[PDB]
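**Student:**
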Amino acid sequence: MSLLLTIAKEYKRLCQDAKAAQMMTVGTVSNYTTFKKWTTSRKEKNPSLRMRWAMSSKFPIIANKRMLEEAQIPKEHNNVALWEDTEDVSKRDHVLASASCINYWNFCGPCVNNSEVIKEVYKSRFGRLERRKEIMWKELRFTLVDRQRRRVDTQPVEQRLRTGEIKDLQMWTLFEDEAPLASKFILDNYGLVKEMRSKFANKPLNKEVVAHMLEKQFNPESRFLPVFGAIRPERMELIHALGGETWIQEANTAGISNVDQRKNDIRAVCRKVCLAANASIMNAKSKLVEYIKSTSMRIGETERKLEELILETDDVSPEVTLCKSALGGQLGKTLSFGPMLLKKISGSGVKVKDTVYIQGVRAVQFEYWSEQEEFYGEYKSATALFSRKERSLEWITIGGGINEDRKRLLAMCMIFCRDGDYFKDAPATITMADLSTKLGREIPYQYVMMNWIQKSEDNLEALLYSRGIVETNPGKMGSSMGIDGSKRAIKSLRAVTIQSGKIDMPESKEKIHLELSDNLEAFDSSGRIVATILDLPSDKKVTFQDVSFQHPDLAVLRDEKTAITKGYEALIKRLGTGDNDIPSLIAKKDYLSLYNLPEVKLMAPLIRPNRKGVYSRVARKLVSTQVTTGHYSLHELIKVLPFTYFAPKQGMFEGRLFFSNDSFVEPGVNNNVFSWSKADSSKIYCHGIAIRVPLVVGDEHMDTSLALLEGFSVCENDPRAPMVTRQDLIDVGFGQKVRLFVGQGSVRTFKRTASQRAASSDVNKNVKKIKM
Amino acid sequence: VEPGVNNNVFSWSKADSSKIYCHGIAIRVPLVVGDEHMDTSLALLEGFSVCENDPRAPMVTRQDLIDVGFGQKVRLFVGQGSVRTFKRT
Amino acid sequence: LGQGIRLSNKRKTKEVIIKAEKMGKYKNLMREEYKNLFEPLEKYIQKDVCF
Numbered sequence: 001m002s003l004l005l006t007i008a009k010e011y012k013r014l015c016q017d018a019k020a021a022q023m024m025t026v027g028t029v030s031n032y033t034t035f036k037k038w039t040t041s042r043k044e045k046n047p048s049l050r051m052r053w054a055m056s057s058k059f060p061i062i063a064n065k066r067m068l069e070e071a072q073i074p075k076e077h078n079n080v081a082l083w084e085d086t087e088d089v090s091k092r093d094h095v096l097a098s099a100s101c102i103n104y105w106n107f108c109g110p111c112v113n114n115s116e117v118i119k120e121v122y123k124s125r126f127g128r129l130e131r132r133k134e135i136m137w138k139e140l141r142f143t144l145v146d147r148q149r150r151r152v153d154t155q156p157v158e159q160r161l162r163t164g165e166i167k168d169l170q171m172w173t174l175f176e177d178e179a180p181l182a183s184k185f186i187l188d189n190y191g192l193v194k195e196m197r198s199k200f201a202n203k204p205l206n207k208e209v210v211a212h213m214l215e216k217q218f219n220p221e222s223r224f225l226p227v228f229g230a231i232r233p234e235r236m237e238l239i240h241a242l243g244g245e246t247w248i249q250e251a252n253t254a255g256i257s258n259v260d261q262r263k264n265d266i267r268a269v270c271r272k273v274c275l276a277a278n279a280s281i282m283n284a285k286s287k288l289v290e291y292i293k294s295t296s297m298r299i300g301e302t303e304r305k306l307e308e309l310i311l312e313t314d315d316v317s318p319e320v321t322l323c324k325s326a327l328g329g330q331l332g333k334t335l336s337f338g339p340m341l342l343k344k345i346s347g348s349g350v351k352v353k354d355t356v357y358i359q360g361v362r363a364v365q366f367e368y369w370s371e372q373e374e375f376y377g378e379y380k381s382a383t384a385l386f387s388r389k390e391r392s393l394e395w396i397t398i399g400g401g402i403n404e405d406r407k408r409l410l411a412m413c414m415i416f417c418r419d420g421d422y423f424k425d426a427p428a429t430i431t432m433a434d435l436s437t438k439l440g441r442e443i444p445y446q447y448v449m450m451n452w453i454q455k456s457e458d459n460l461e462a463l464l465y466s467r468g469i470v471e472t473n474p475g476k477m478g479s480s481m482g483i484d485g486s487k488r489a490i491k492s493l494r495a496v497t498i499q500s501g502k503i504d505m506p507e508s509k510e511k512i513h514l515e516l517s518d519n520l521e522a523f524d525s526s527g528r529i530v531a532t533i534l535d536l537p538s539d540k541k542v543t544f545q546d547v548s549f550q551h552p553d554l555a556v557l558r559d560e561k562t563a564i565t566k567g568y569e570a571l572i573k574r575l576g577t578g579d580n581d582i583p584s585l586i587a588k589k590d591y592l593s594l595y596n597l598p599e600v601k602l603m604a605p606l607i608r609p610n611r612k613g614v615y616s617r618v619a620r621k622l623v624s625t626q627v628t629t630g631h632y633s634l635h636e637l638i639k640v641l642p643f644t645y646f647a648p649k650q651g652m653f654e655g656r657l658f659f660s661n662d663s664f665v666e667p668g669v670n671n672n673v674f675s676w677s678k679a680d681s682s683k684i685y686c687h688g689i690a691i692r693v694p695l696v697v698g699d700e701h702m703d704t705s706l707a708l709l710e711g712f713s714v715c716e717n718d719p720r721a722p723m724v725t726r727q728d729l730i731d732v733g734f735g736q737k738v739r740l741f742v743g744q745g746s747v748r749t750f751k752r753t754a755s756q757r758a759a760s761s762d763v764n765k766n767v768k769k770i771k772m
Numbered sequence: 665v666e667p668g669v670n671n672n673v674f675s676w677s678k679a680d681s682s683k684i685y686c687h688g689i690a691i692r693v694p695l696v697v698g699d700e701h702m703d704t705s706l707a708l709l710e711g712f713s714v715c716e717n718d719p720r721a722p723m724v725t726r727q728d729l730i731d732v733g734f735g736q737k738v739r740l741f742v743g744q745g746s747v748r749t750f751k752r753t
Numbered sequence: 353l354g355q356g357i358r359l360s361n362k363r364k365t366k367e368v369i370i371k372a373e374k375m376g377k378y379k380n381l382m383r384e385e386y387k388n389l390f391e392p393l394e395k396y397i398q399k400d401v402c403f
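Residue numbers (the deposited numbering), protein chains in the order written: chain CP1, 1 to 772; chain FP1, 665 to 753; chain EP1, 353 to 403.
Put into structure tokens, the structure is as follows:
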């Protein structure tokens, strides 16, 4: 309004100047950032001193002037000053004021209609408060505490994202007119954006504040701290009030924030697909990538793609590693040898060959590393710091807390280093059958000995005996380890030391790009293996909730429900752009051409044959009624269309529409066969499987340009096409062009035609056609 | 009165098919039959016929019957705690 | 006499349990209403019973 005209006058006056014109003319818009620094630069050495020395003045604060007049804030209320007409030197549009004025406002100042929006702006901190109230404290006790230092997360957070995925999310929720082209993260996570948008719309807010708070709501604050007990974001957020070096405030905090449950669910799914793809013999790589991208899972309220969660997690487990490797995801430098965990501190080396005789004379190649290296090692509740030297376990120190864990950690370290004579002359118990090749896939002698140990405890006892045993020298009585895992004895193992107090996990903020082989074993620019498929559990049965393995190999349903589901999928894929598709027909009100689609013709055999006429009447009614007016629900035509193929007839409509396999859909209520919700309007659930409706047209429920973005695309720029806004963008015709302003300082030309193809296939195929 | 079941107003049973109870008053049949009644596969429901029992078959009510098909067995209560299987035609 | 009284700290995180035979040993802790109801009978107590 008048403000707009004022801005125009201001721009004109500013262009009349000479320097301002040159600076607003040269370069691109990015210069704004630069100019934002050359101005208003002034700091202070000891702000505490200047605060006690500044607040001692009469009018130490600045404040707006027009806002005070409009609020009718007087001056000299009760012989106490509140402000005086002047001009601060920097702003020139602010006036000095006093601290008392603030209190005046808070007590008798202008009130906004409502402020419960605050609870959403600061969701993370009200979340802290709520989790705290549900804690049940306990007695306090005194003792020394074994605090290990390590990197952890202190912020419970759902749907941890990256930074590039937030800078855009902060736009579609707050500054949508100034939003850039729709990125993949947006088109995929539509319900999330809708959710964050519903709360901060048509509200009085300061948006800079809200935007910063959103960054905080999606950040797992990672810290390197001393830590004791379980590791859960709920505890790490209040660790300061649970224990120190000498005391412990017992309290049960087990049932809150449900974080690790999601992570264990993710790892279970990853193990499933890794084993499945392993079932193959020649395509485990491509099989695995396909199984990954063809799967989805629910997180709280939202629906997320697996490949998207895997590239966001930080679980250093031998399963997550493989997946993150197939998808080209970089990762940390953490090793894994069976159940234990490992991390290299220093040293180097290179592969070397050696052989061993299994029974009598049967040469078998096994490799080792020819140099000295130092490693941190971690088994359940037990830590170790050891060193290997040219196929030998030079020394080792342990800081665990259990005898069983101590023995197992020591044993797996001895194996990891090829220490002992067994690697020189294998035991009789093993044979060529146990050697390798469950079905052809060999097994390095390492994992052979590994499983031989896990088989029977007596194998473990013998392996420990492979380590020299000697008499406990004087003084070292306390730092010695027997065969049982006792902190002291008269005779203990050789070159071993124990201690109370875990070892500090090393740290490195490094990333590495690894790869893998056709046997699913990752490599790191060297012959070292960071992960594999032999180091994870054999098998187990689990019932996954809220998961979607919409891929043939990963399916248990019969051909009937699968036929129905595939019919619905095919029927939705016709929801794109271009004439002959349902959006164009709805726009033209050609409710007749829908009955004649080919897709309904492929689903027709599935309708109950003895009442196909009755349903047809009812079905056609709904469609015409919805199309003729314009008040339709895109999620209802897609449901009832398959029944409109036959000719209407007469009969009693009970209220349900049955298929040929005693599975029905009811028009208006969600059921097991076809469901959807206004919250996440971009999904259709059939027999649990999820189906993604494209974003080409928006019905009454979907209420923004967010629902139109998959229908437009960029094209060669054309100065003839008209220029419009983002709201009139809905009134263009399929196949037309229009210019538009995008983000900031950018104009483009769009065309209302979609392109379902992606780059993955167009690249992979053409590549494989080059390896010939 | 209800078909396929017994009631005070009208009752009868096999091994005494020559009798028809009416409030306990036994009445006689002017005829004799040993099989004319033995075929009740069509006296329970309207457009269905009993068939061999099968627990796999799903329970239904009298209303959903309209939307059943052919070759589709269905269980249904025929009385107090009496369930039986039916098939169309 | 039935089961003896119990002690507990302010927050009730810790709780001691004593039998009847020992209530005469901790009389200084029990509440007033419970004390005035116990001293006049202390004469007649023998081990854990009342004559």
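C-beta: ideal position from N, C-alpha, C; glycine also.
(1) If you reduce the DSSP assignment to three classes, tell me which class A679 (chain FP1) lands in.
(2) Which residues does DSSP pair with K207 (chain CP1) in a beta bridge?
(3) Quick one: list the residues of chain CP1 neighbouring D680 (chain FP1), beta-carbon separation under 7 Å, in chain order.
(4) Taking all protein chains shown into account, do 16 or more other C-beta atoms lie within 10 angstroms of the C-beta of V112 (chain CP1), making it buried, or fewer, making it exposed?
(5) Check whether the segment 739–759 of chain CP1 touches the segment 164–180 of chain CP1, taking contact to mean three or more Cβ pairs, one atom from each stretch, closer than 8 Å.
(6) Mind checking residue 837 (chain CP1): buried by the 16 CB within 10 Å criterion, or exposed?
(7) From the beta carbon of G733 (chain FP1), is the nearest beta carbon of chain CP1 less than 8 Å away?
(8) Pick from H701 (chain CP1), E710 (chain CP1), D703 (chain CP1), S705 (chain CP1): whose alpha carbon is nearest that of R692 (chain CP1)?
(9) At 9 Å on the CB atoms, spell out the chain EP1 contacts of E139 (chain CP1), in chain order.
(10) Quick one: give me the first and last residue of the alpha helix (DSSP H) that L740 (chain FP1) is part of.
(11) Reducing DSSP to helix, strand and coil, say where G711 (chain CP1) ends up.
(12) For residue 780 (chain CP1), tell me which candidate among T725 (chain CP1), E158 (chain CP1), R656 (chain CP1), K487 (chain CP1) has the shortest Cα-Cα distance.
(13) Is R149 (chain CP1) helix, strand or coil by DSSP?
(14) Is the separation between the beta-carbon of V356 (chain CP1) and that of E367 (chain CP1) shorter than 8 Å?
(15) State yes or no: is the beta carbon of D662 (chain CP1) nearer than 8 Å to at least one beta carbon in chain FP1?
(16) Looking only at C-alpha atoms, which of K621 (chain CP1), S100 (chain CP1), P605 (chain CP1), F544 (chain CP1) sits nearest to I299 (chain CP1)?
(17) Considering just the uninterrupted stretch of the beta strand (DSSP E) at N64 (chain CP1), what are its terminal residues?
(18) Between the segment 603–630 of chain CP1 and chain FP1, which residues of the former have CB atoms less than 8 Å from a CB of the latter, in chain order?
(19) Would you be able to state if there are at least three C-beta pairs under 8 Å between the segment 335–345 of chain CP1 and the segment 405–423 of chain CP1?
(20) Evaluate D703 (chain CP1) with the Cβ neighbour count: other Cβ atoms within 10 Å of its Cβ, from every protein chain shown; 16 or more gives buried, anything less gives exposed.
(21) Which of the three DSSP states is assigned to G377 (chain CP1) in this structure?
(22) For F35 (chain CP1), collect the residues of the same chain with a Cβ closer than 8 Å to its Cβ; drop the 5 residues on either side in sequence, then sort them by chain order.
(23) Leaving out five residues on either side along the sequence, give the residues of the same chain with a beta carbon under 8 Å from the beta carbon of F674 (chain FP1).
(24) Is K333 (chain CP1) closer than 8 Å to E510 (chain CP1) when the C-beta atoms are compared?
(25) Anything in chain CP1 within Cβ reach of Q736 (chain FP1), meaning under 8 Å, just list it in chain order.
(26) Select from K138 (chain CP1), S98 (chain CP1), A570 (chain CP1), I102 (chain CP1) the residue whose C-alpha is nearest the C-alpha of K364 (chain EP1).
(27) Can you give me the Cβ contacts of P642 (chain CP1) inside the same chain, cut-off strictly under 6 Å, excluding the 5 residues immediately before and after it?
(28) Closer than 7 Å between beta carbons: that is the criterion. Which residues of the segment 671–698 of chain FP1 meet it against chain CP1?
(29) Would you check if the distance between the CB atom of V152 (chain CP1) and the CB atom of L169 (chain CP1) is smaller than 8 Å?
(30) I think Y376 (chain CP1) touches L385 (chain CP1), with their Cβ atoms under 8 Å apart; what is that distance to the nearest whole Å?
(31) Indicate the three-state DSSP secondary structure (helix, strand or coil) for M723 (chain FP1) in the structure shown.
(32) Return the CA-CA distance between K541 (chain CP1) and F549 (chain CP1), expressed in angstroms with no decimal places.
(33) When the Cα atoms are used, what is the spatial distance from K75 (chain CP1) to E84 (chain CP1)?
(34) Ignoring anything shorter than 3 residues or poking outside the segment 382–419 of chain CP1, list the beta strand (DSSP E) runs there in chain order.
(35) Please confirm whether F658 (chain CP1) has its beta-carbon closer than 8 Å to some beta-carbon of chain FP1.
(36) Can you give the Cα-Cα distance for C108 (chain CP1) and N64 (chain CP1), rounded to whole angstroms?
**Tutor:** On the basis of the supplied data:
(1) coil
(2) For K207 (chain CP1), which the question treats as bridged, DSSP gives no partner whatsoever.
(3) Going along chain CP1, no residue has its Cβ under 7 Å from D680 (chain FP1), so there is no contact; the nearest lies around 41 Å.
(4) exposed
(5) yes
(6) Residue 837 (chain CP1) is absent from the structure shown; chain CP1 starts at 1 and stops at 772.
(7) yes
(8) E710 (chain CP1)
(9) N361, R363, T365, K366
(10) Not the alpha helix (DSSP H): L740 (chain FP1) falls in the beta strand (DSSP E), residues 738–741.
(11) helix
(12) Residue 780 (chain CP1) lies beyond the stretch modelled for chain CP1, which goes from 1 to 772, so this question has no answer here.
(13) strand
(14) no
(15) yes
(16) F544 (chain CP1)
(17) 61–64
(18) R608, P609, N610, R611
(19) yes
(20) exposed
(21) strand
(22) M23
(23) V665, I684, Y685, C686
(24) yes
(25) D662
(26) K138 (chain CP1)
(27) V600, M603
(28) none
(29) no
(30) 6 Å
(31) strand
(32) 16 Å
(33) 7 Å
(34) 382–389, 393–398
(35) yes
(36) 18 Å
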